[PDB]
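First comes the structure, then the notes that go with it.
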2 protein chains.
Amino acid sequence: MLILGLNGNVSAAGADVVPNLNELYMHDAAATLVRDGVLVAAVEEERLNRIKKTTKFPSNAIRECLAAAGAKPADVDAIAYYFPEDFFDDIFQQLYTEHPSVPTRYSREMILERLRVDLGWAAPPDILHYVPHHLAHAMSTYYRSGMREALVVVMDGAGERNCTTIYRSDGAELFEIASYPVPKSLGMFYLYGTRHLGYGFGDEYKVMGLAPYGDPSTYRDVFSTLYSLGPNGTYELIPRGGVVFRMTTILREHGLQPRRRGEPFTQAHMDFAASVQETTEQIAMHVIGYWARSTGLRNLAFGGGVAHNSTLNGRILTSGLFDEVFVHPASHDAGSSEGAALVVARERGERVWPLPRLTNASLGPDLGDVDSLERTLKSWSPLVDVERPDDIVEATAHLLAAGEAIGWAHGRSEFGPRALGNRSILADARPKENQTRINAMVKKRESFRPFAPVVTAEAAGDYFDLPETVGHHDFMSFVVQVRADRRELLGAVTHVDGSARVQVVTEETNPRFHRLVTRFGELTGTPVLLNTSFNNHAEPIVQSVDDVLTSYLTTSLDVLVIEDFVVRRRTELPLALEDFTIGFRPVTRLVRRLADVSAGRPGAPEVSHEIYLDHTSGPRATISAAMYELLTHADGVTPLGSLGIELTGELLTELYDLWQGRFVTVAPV
Amino acid sequence: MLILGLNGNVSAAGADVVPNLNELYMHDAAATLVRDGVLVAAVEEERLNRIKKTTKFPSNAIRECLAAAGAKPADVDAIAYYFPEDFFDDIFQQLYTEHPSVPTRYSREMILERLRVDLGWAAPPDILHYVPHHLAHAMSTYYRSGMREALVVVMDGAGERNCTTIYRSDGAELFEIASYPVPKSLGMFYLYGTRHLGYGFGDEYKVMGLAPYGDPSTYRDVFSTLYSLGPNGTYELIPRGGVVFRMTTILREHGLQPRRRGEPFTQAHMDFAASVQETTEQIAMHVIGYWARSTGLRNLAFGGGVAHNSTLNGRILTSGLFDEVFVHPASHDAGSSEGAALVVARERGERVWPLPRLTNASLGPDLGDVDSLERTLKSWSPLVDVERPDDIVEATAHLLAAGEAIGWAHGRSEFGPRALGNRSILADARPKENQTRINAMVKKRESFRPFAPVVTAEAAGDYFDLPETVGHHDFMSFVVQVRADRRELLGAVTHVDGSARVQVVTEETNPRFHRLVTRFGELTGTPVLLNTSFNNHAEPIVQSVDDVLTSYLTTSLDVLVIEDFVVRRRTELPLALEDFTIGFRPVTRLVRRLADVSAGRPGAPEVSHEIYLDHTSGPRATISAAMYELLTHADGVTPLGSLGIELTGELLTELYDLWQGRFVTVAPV
Ligand SMILES: [Fe+3]
Ligand SMILES: [Fe+3]
C-alpha cells in the first residue's frame, strides 16, 4: 500500500490563505511517502520553497517525493493528514470570523484544490483521511524505532487536545495511558523563553546552545513560581494566554526585559537560558521518570518537537531508566505526517509491523546523475573552476586536513533539521578557533553557538563517553560527554561543560560520508569532523545544485565538494554575472513606494525603492533606483549582459547583497 | 485645576508602534480637558486623523481641545491616562517579546515623547498619572449624571481586571461592591456575535439594528449552552480564548457558518442577531436587577461600552427598577479619559462635587467664525453655489419640508458616536422610503439599517411613549416605543417592532437645532426629523469645513447647510478640479509593485498600481498607470490644472472614486 502523508497549512506559493497567517498554524510543512510501511521518500517544503519552517502547502514536496520514489500520483492509495478534520475546520472557521471577506471553504476542499492546481492531480474527496496529532507522532516514533515493546512519549507544543501523551506499546498497537492538557505545554514554555531572549519560532535550539554558559541558580527562585512538580508524575505550569501572559508580568516585576534582536548576550541572558533549559528538564524527567517506573518499560521511543531538545535527550540516557532509547530525525510536525500515513494504512487493512529500525534520514531528492551535473557545472564556469579527482573521498580528506572549510553535498537530502553528511558544511574538529571562523565568518551568526562532531561507529568509544543506555546516535539526537582526555584535542566541537551533540555514523547509513571520516582520521590521527548544516543565515538547508552553488558562492566557504567534483570560486566575490539571469521567487515583491513623511501641512511625497519576501517574518531591503530599474527586467531568462544596462562594480555589489539575502534567484542561462 | 485626560495607544501619525497593531489595543483614542470639574473640551482622534475608532495617540485631539478651551500647554496641571501604568507596560512587554527588533520603551517615556514630537510640548515625567480603567469609567458616568446618589454600573469589553464593576455612590466618592472577571465580558461576547455576522470591531450597533427583524427562539437552545444565570446576580459565560474559541466549535457543530462581508442577510442571520441581543439583555438585566434590588438605589448611572446598547438601555427604563437613569454620550473608552482626569484632580486635592448634569455633547472644535467661512466657501466656488439667506433656520426648514435630504454642520462637533445636530444628515421623518434613500443611495450601506428621530422636548410626549422611569434622552442613549397612533406617520424612523432610538432636544442644549425642529413642525405639523451621522462609508463623522465640503460633494446629498450658508453642487459630479490640489494623508501609500505571478519556471514580472491606507483594516484600491503618474504630483500645493497632464473625464472620474474612498485629500488652492 502506498500512502502520502502531509502536514502544513493550505497556502499557495504566491500568497497565504490569510494575510500574515500565524507561523504557529501548521509550520514545517512536509510530505512523506510510505510504501508497505517503509519510508521511501520524505522532504520538508522549506527545502523547496526556500522559506524556513514554512506553513505553505507542501506541493513541491509531494512532486519530489513521488519522483524520488519512482511513483506517479495515480499509484497513491490514500492521503493522510496529521490533524483531525474537525479541529482543522474549527481553526478555519475561527480565521473566517476574523477575516469577513475570505470565503468559507473547509480543509478537505482546500487541500484537494491545491493538489489540482499545483500538481494537476485531481482525486475523489474521499482519498483524504485525517488522524489524531499525538497518535500520528507516536506511530512514527514507535514504528521507526523497530522496538518490539516500548514506552512511547510524545511531548510537543500542541495537538488538538494534549501537549503530552504517554502510550505503552502492544505489539503493532499503542495503548494511551495518560495525557497532559495543552496549557501545560513544555514546547510553548520553551518558545516563550526563546522569545524573551530576543529570538522567534524555530530558534529554540539556539537557547539550548546558550544554556551551558549560564548558571541556573541566578533565577531559580523566580522560576519556581512558574511551575511545580506534584505526586505521581503530575505538574503545574503557569497558564499561558490572555491580554498579558502571567509569565510576562512576573518577568517584568523582577526587572527582566526581553533582549532585542542583534544585541550582545550578557551573563544574565545566559542564566535565563539555563533556567529555561533546567525547568524543561525538571518537568520532562518528572513525567518520563514516573511513567518509566510505573510501566517497568526499559525501551523508550520519544517524539514530538520537545524531542529535538538533545540536552534533554542526554539526560534521559544518563538517568539509567532505560536500556535503549530511539528518537526520530524528524520528531517535529514534518515527521508526524508519516505517522498519519501509518495509521491510515492500518485502518485500511495493511499489517506491516514490526519494521527495521530507521538508520538513514537521507530521504529527500538527490542531485541527479553525475553526467547532467558535469554539464550544469560547465554553465557555472564564469564563476568557478571545476576539477574531478580520481577519488573524491581522498581529495576531500586532504582538503579538510590542510585546514579548508568545505561545503559537502551528495545523494539525497536529510529529512529533519540536522545535516548528517548529505548537505553539510565540514571542517577539522580539532582547532578551537573553528567556532569563531565557521560562525562569525562563514555562516554569519552568534559566536557562542557550539558545533557538533561526527565520528565513525568504529571510533566513537575513543572520543566520547557513551552511556550504558544505548541511544541511537545516527541523527545527532543526543548530547554526550567528550572524554576528558580528548576535550583539549576536540577544540571546535566540545561545549564549555565538556558535552557535544554527537553524530555516530555507520558505513550502512552513509558509506561515502563514513569513508570520508575514516580517511580523515587515517591522515590526521583523529576520525572526527565538525558537521554543521549547509545554509547561510537567510535560508534553510540547501537542496538542489542551484541551491548548493548559490550558497557556496554567497558565503565565504573555502571550497565546495559536490558529488565527484571539487569547485572553487575564481574571484573573491561572484561579480561576473554577464551570462547569468535574475528571477523572482513566488514571494518576491519589488516596489516603488511613495509617502508624505513631512510634519505640518502635506508636501511633495518621497520615493523609496524596496524588495521584500512576502511571507510571515519575511526580510526586506532598501534598494537604489538603479537596482529597481535592473530588477524590473528580472525575467529569469534574459542574460544580464544584454539588458543594455551598464554592469558597474557598484550595481553588481548591490546585486550580490540581494542574492546573499535570497531576495532574487541568480542562475546561469 | 486644569487636567488633560487621554486614552489610546502611543502610535505616531505615519506608522504604528508595531506593524498592524491590534485594533483592540486602546481604540477610540481621544483627549478631554476638565477645568474645575467641568468638561470644557472633548474630541476623538478619529475626527481629526479621519481613521474610524483609531488607536493612534491623540496628538491632534490635544491640540484642538487646548485651542477650543482657550488654554495653552503650560496651563495644564496634570495629564491623566485611562489605564494603570503597570498594565500598559505589561502589554508593551508582551508586544516586545513578539517583536524582537522594536526597542523596549515603556508607556510614560513613550507618551511624553509623542507630546514633545507632535506638539513641541515637553514636561517633567511626573506630570503623567494613571488610573484604574473601571474607576475612570465610573467617575465619568457618575459625575456627569449630576446625581446626589446612584448605583453606578460599568459594563465593557475589558479593564485591567474586570469586565463589569458595580459601585454605590457615597457623595463625591464611589464604593466598589462587586465585579465580574474579564472572561465574563458582555462586550467581548457581543463582538464575537458581530464577527460571526460578517462584521468587525465597531460594528456592534449594526447587529443591534438588525436584531428586531429576527426571532430569538430559533437558536435559543444553542445559545443556552453559551451562558447561565445563577443565584444572587451571578452568571457563567462560555470562556473566550484559545486556538479555537469554544463558541466557534459550538456554532460550526450546529451548521452555522459566518456571513461574508457584503453578502445578503438571511432570516437565519437576523435570528442570530436576535439571539446575541437577547442573551446580552438576559445577563445584563440579571446583574443590574440583582444589584438594584440589593442596594435599594433607584438612580442608575450606566457606563462602559455596553452602555452604547440603546436597546438594553430601553429595557432598563421599562423594568421599573429605577426612577432616573443617566448614560454619558461617550460611555466608550474616549469618555473614560475624563474620568481619569476627575480621579487625578481629586487625588491632587480638588473638590468639585457635585456638578450639574451634562446636557450638551457638543465639545469638539467649531467651524471657525462666519467671516473666515464665507472666504473659504468662495475658494470652493468652482464646485458649489453659495447663498446666504436672511434666516438660515427658516430656509432649512423649507428645504426639509420640500423633501430635500441635507448635510447640516454647525458649532462644536459631537463627542461620542452619535450625531446630535452639529454634524448631522437630516431629512423628513415621515416618508418610509427615506430609509432606502438615505441608506442605499446617500450613505451607501445596508438597507435594513433603522434611522433615529429627533423631537423637541415640548413635543416628545405627542410622538413617543416615554416610560415612567426618567431617562436622559439628550444623546440618543435609549430606545422607546413610538406611539401606536404615530407609527404610520413616522415612517422613516420607526423600527419593525414600533421602537426608535430617540433624541429629545432641548433649547438649552442646542438652540439652533431646537429651533430648526420647532420650525419644521410648524411648517408640516410634525416636529420630528430623521437625524443620522454626517459621514460616508469611508470616514468617521466629518469635523472641519474641508471634511464637510468633501463629504457633501462626494455623496449624493441634495444640499449642504453649513452655519449661515446654503451650498449646492453645480454639477452632478465634482469634476472641475483645475484649481484644486491633491495631497497624501499621513497613512497614504502609493505603490508600483512587481511580482511574478506565473506558475512553472519564473518569467517576466507584472506591474500593478495601487493606493492604500496604512492603518489596521485600511482600504486599498487598484489604480491605473495614469492615476499613479498623476498622484506622484500630489504635493497638496500645486493646482491640478498646471501639471501639464490632460484632465480627461476618465482620469477625473477615477480621481473622484479615490476622493470618495478618502485615499487622498482634495482641496482648493
Ligand atoms: Fe506536533
Ligand atoms: Fe472601557
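Whatever order the structure lists ligands and atoms in, that order sets their numbers, starting from 1. Hydrogens, waters and symmetry mates play no part in the numbers below; they use all other heavy atoms, side chains included. Residue numbers start from 1 in every chain, and the chains themselves are labelled A, B, ... in the order their sequence lines are given, proteins ahead of strands.
Under the 30°/60° scheme for interplanar angles, the aromatic rings of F88(B) and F92(B) are found to be tilted.
For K184(B) (side chain) and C163(B) (main-chain N/O), no donor-acceptor pair under 3.5 Å exists by modelled atom type.
Side-chain contact of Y81(B) with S107(B): a donor-acceptor pair under 3.5 Å is absent, judged by distance alone. Side-chain contact, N162(A) with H133(A): no donor N or O sits under 3.5 Å from an acceptor N or O.
Of all the heavy atoms in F415(B) and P329(B), the pair that sits closest is O-CB, 3.6 Å.
Inspection of the environment of the Fe ion (ligand 1) yields the following protein N, O or S atoms under 2.8 Å: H133(A) NE2, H137(A) NE2, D156(A) OD2, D333(A) OD1.
For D28(B), there are no side-chain hydrogen bond (donor to acceptor under 3.5 Å, both in side chains) partners, not counting sequence neighbours.
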